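Single-letter residue listing:
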Amino acid sequence: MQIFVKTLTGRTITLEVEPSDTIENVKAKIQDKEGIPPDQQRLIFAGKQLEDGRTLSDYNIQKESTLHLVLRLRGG
Amino acid sequence: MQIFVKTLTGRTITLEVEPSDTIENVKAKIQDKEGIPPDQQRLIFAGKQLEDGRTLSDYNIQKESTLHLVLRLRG
């Protein structure tokens, strides 16, 4: 299914995902598509930060839902 | 000299730079430190989108000043 991933300035991309995909999985897909390392990514749905080990369906993320992506700048 | 690079969540890092560094050079340093491809980096100082061919002193970016890093999400 298709979901949207959005930045705080409104920039948007689309991802192909499965309901059982983990957030870890989703970050790997963003890396594949955009070249952003998974440990630089923080994903947000319904104003809450998503945990790597949980699935899309765990968070009731559905087709055409929108997630927000922000940078961790984890390299410091 | 050091400058700050800040995101729209407030996440802020410090970068060691020179006035003569080009914006391209700075994005390379960000790629070096954070693993973010330069093509994903939009840098903004005093309301302006920074262009790769110009230098920090070119934009009057001085010691201890802050610029913003925002994602492009192109590729």
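The record names X-ray crystallography as the way this model was obtained, at a resolution of 1.85 Å.

Q: How do you make sense of the sheet that holds strand β3 (residues 41-45) of chain B when you look at a structure like this?
A: The strands making up a sheet associate through backbone hydrogen bonding, with each pair oriented either parallel or antiparallel. Residue and element names in this part refer to chain B. In spatial order, the strands read β2-β1-β5-β3-β4; together these five strands make up an open sheet with mixed pairing. In this open sheet, the two strands that pair with only one neighbour each are β2 (12-16) and β4 (48-49). Of the strand pairs in this sheet, β3 and strand β5 (residues 66-71) are connected by four bridges, and their pairing is antiparallel. Note on β5: the bridge partner recorded for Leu43 is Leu69.

Q: Would you mind going over the pairing of strand β1 (residues 2-6) of chain B with me for this structure?
A: Each regular strand carries side chains that alternate between the two faces of the sheet. All names here are of chain B. Burial along β1 is one-sided: the residues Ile3 and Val5 are buried and none of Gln2, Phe4 and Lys6 is. When β1 meets β2, the two strands line up antiparallel, connected through five bridges. Across the sheet, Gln2 pairs through a bridge with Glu16, a residue of β2. Hairpin connection from β1 to β2: five residues lie between these consecutive antiparallel strands, with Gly10 at a positive phi of about 90°.

Q: How should the pattern of salt bridges be read in this particular structure?
A: Here the idea is simple: oppositely charged side chains can pair when their charged atoms come close. Tallied over the entire structure, the rule returns five salt bridges over all chains. Notably, a salt bridge pairs A:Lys27 with A:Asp52, separated by 2.8 Å at the nearest N-O pair. Of this pair, A:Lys27 sits in helix α1 (residues 23-34) while A:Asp52 sits in the loop between β4 (48-49) and β5 (66-71), and the two are 25 residues apart along the sequence. Take A:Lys27: its relative accessible area is 8%, and that puts it in the buried class. Put simply, B:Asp52 and B:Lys27 hold a salt bridge, and the shortest N to O gap is 2.8 Å. Taken as a pair, B:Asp52 in the loop between β4 and β5 and B:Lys27 in helix α1 (residues 23-34) lie far apart in primary sequence, 25 residues in all. Residue B:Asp52 is classed as partly exposed on the basis of its relative accessible area of 34%. Exposure remark for B:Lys27: the relative accessible area of 8% places this residue in the buried category.

Cut-offs and rules
Residues numbered from 1 in each chain as written, not as in the entry; some residues may be left out. Chains lettered and ligands numbered in written order. Heavy atoms only, no water. Pairing = 2+ DSSP bridges. Helix = DSSP H or I, 4+ residues; strand = E, 2+ residues; numbered from the N terminus. Buried < 20%, exposed > 50% of the residue type's maximum accessible area, 1.4 Å probe, protein only. Salt bridge = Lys/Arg side-chain N within 4 Å of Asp/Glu carboxyl O.

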